[PDB]
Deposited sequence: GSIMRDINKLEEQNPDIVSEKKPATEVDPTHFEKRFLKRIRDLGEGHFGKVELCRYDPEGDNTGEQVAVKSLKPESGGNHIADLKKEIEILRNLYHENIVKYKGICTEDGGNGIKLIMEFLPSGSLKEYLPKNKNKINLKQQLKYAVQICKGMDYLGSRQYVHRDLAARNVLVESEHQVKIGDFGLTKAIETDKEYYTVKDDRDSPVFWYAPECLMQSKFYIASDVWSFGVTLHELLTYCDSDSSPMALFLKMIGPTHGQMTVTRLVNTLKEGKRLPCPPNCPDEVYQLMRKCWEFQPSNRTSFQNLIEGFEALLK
């Protein structure tokens, strides 16, 4: 009762590959809408993500629904619940009006809960950005993609990633950029950046990529990571968004301590934000 027949998954539109499908075995279009993750070779990677998501059960983590086999039973698809409001990246610009600071801080708490739960299971997300934070409702958010998530080996503080794959470098901590080492503290750094996005209502002009590119200047490509490391070494950071209170920025800056050991924890973040609400 967690297997989806590929012929029954009717594609609607791309979500991010991740596609919106309607699983409709009765053929009367009454079937339920679902998010489907497939390959655009790296079947072993998607199988790892499936094992990860099936093992996550939390209010602030997108629900695993099942798996769809691509014949001759040689391919796999990840089936997830579909949240129509989409990611913060698409939702926040559309609702700058109803979403105040209180609501943004509740989202920050929820992301931190989802991430702390992820941390307790010994995983590093390595891709925490607003595009990966889904809106269940105006009161609830969920971490919605685990495509770069890795399990930290027992008795180790981090996972080392040595591959030819792409990385969200404008969300990465110094240790990730310099040594390819990913700690729970590196996810804390990425949360800080995600929180910046959320506070700027995911305005494209104020995105971490747009701001850092304006700081770094004209840059290839192959030199982006070095220029970014240098900027972070000098102590430069994403500026406090307009009308962002000191208390929130101070928490945001604690996610951005150059050394991983000097950063705050997700639990200290939960408590910090919760103390600001009402």
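In sequence order, the deposited residues that have no C-alpha coordinates form the ranges 1-28, 45-49, 74-78.
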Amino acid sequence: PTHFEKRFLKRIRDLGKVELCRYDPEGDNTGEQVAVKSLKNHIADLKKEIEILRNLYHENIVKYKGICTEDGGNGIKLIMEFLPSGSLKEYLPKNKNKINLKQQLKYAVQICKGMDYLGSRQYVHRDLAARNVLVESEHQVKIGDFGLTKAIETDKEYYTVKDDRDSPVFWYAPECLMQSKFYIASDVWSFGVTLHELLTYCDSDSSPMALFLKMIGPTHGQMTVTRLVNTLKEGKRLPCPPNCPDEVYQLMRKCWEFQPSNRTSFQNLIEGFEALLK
From here on, numbers count along this sequence of modelled residues.
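Just so we're on the same page, rigid core means the largest C-alpha set that superposes within 1.5 Å between forms.
Larger average C-alpha displacement in 9 other deposited structures of this protein, relative to the shown form after a rigid core fit, is seen for 155-163 when comparing 155-163 with 196-204. After a core fit, the C-alpha atoms in 9 other deposited structures of this protein lie farther on average from the shown form in one of 164-172 and 129-137, namely 164-172. For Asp71, the fraction of other compared entries lacking coordinates, among those that model flanking residues, reaches at least a third. Among the other PDB entries of this protein that were compared and that flank it with modelled residues, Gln222 is modelled in all, so it is never left out in a third of them. Averaged over Cα atoms, the B-factor as recorded in the entry is higher for 22-30 than for the other of 233-241 and 22-30.
Annotation for 85-93 versus 143-151: the higher mean temperature factor (C-alpha) is found in 85-93. Which of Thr226, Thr219, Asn55, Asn60 has the largest Cα B-factor in the deposited entry comes down to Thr219. In this PDB entry, the Cα temperature factor of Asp187 sits in the bottom third of its chain's modelled residues, the lowest group. For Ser204, the recorded CA B-factor ranks within the highest third of the chain. Only modelled residues enter the ranking.
Sort the chain's modelled residues by C-alpha temperature factor and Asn74 lands in the highest third, per the entry. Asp116: CA B factor in the lowest third of modelled residues in this chain (values from the PDB entry). Among the modelled residues of its chain, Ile12 has a C-alpha B-factor that falls in the highest third, as given in the PDB entry.
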